[PDB]
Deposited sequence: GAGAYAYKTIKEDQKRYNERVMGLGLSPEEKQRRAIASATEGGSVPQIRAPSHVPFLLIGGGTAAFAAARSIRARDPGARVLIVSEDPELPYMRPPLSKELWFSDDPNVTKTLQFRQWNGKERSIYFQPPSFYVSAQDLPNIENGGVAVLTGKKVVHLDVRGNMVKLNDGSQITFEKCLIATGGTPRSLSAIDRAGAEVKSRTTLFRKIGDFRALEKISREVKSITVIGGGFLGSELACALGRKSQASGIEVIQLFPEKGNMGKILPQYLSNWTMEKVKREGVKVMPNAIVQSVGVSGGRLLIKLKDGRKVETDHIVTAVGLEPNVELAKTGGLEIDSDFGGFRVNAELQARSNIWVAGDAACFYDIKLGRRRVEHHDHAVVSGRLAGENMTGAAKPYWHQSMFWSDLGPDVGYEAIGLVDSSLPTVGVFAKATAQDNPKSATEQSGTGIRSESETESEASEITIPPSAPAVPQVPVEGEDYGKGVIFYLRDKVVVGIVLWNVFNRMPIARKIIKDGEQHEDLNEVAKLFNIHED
């Protein structure tokens, strides 16, 4: 038994953003975050990226990474002294953010306004937030298998997982990566580079005809496969796993089409499933279409319960009911999540943005609704020295691209791809086009039926 006014569940990108949001509005509010992880809230994007590109080993320790412009940066959101302890909190009377790492909420009670930690202790809340994110999908073929194979397989998302992998890559001869996602691909390049240094084999395999095939059009997905390949990666499309066994001391991957890949370690990056274990005890709605907790436009589930981030199935007027997995989204909705908690009764209006880096040399931004199967227009040109994340970082000063681009709304190598529906732009992927995301947002938000989409591209430096 004990009490805190602002309590937030899951200690991630969304929880920390709300934590900052509430503080801003109610200065002197007492905030407590509970987190499964033993780590203090940190951003995630460096884990599949810039953290792999440092030649300093004690950076596997400190997690102080280098950007493409080469300036240090801590992974954790703020230094730890910024927090206040969890016991000292009620007596701080001036408020702060306290962090209960190593604990887990296992019972919610909406009428009773209290959670239950795994160790059985209880905490009463006045205002609660569920920002639990998600657990990466396993691959049912790996589930039927023994604990021996299960062990030789990681599911990349945490820091525990970043260190574990990077460790293995200095140990074995061949790491296979399952998943044609951005993560998958980022990973595969991250490994691909290290490979150019140890000789290790990096295989990437996935059911799609190409990298990010479910998103990008064939011709750009295909181009992307080449870059993955060039970074030293034996890449295997149209791959569908049948079984994973152990023979010759190694891991054997059998494919539905007969092929057989033999390897040392599997890292699987094939989706996220949203953490909704709390919904059963408390009794909130989940979405069977999109997954995760059903909230309204004010990201609200029931009185004194808001949800945000990757677990957030929210309504969005200029689009409809949704659930997205952006970092940008987690920052914003979290913020909004804390804004609403302190009686701000406000809608969600942001257009969340995604981004991916494959190395310092190639970057994709995306926003809106992007699917390969929708009608597509893409305009393309030869890229200039600026058209890559290295420059975009040297300029803006940051590596987290949703920062460089703000959340406002104003021989080929770069271009923009419009995703249409009825001569009207509904999604956008930008390839190596930087600091033009507000123009991306504007176009989508307006919704005009351009009888020529070239002109629209003249807006991204494309001539």
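Undergrad: As a test: can you identify every run of the deposited sequence that has no C-alpha position in this structure, in order?
TA: No C-alpha for residues 1-50, 461-480, 534-535.
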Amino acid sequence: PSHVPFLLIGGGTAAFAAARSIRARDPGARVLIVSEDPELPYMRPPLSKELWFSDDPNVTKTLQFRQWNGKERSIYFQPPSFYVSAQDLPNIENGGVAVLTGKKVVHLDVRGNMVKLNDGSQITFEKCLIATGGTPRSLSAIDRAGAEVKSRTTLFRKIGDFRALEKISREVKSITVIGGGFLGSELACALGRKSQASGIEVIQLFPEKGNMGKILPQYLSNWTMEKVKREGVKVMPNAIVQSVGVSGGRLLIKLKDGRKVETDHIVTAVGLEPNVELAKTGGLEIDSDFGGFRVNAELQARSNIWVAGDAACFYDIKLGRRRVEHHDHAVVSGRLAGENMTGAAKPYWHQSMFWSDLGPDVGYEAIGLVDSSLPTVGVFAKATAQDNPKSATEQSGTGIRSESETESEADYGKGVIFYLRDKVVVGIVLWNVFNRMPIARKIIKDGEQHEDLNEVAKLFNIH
From here on, numbers count along this sequence of modelled residues.
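Undergrad: Which wins on mean Cα temperature factor, 325-333 or 215-223?
TA: Stretch with the greater average CA B-factor: 215-223.
Undergrad: Would you tell me which stretch averages the higher CA B-factor in the PDB entry, 55-63 or 424-432?
TA: Between 424-432 and 55-63, it is 55-63 that shows the higher mean C-alpha B-factor.
Undergrad: Go through 307, 75, 317, 358 one by one and give the residue whose Cα B-factor in the PDB entry is largest.
TA: That would be 317, according to the entry.
Undergrad: Whose CA atom has the top B-factor in the entry, of 161, 186, 171, 298?
TA: It is 171.
Undergrad: Compare the C-alpha B factor of residue 438 with those of the other modelled residues in its chain, then answer lowest, middle or highest third.
TA: Its C-alpha B-factor belongs to the lowest third of this chain's values.
Undergrad: Can you tell me which third, lowest, middle or highest, the CA B-factor of residue 29 falls into for its chain?
TA: According to the entry, residue 29 has a C-alpha B-factor in the chain's middle third.
Undergrad: Can you tell me which third, lowest, middle or highest, the CA B-factor of residue 277 falls into for its chain?
TA: Residue 277: CA B-factor falls in the highest third of its chain.
Undergrad: Sort the modelled residues of this chain by their C-alpha B factor and say whether residue 79 lands in the lowest, middle or highest third.
TA: Answer is middle: the recorded C-alpha B-factor places it there.
Undergrad: Comparing residue 71 with the other modelled residues of its chain, is its CA B-factor in the lowest, middle or highest third?
TA: Middle third by C-alpha B-factor.
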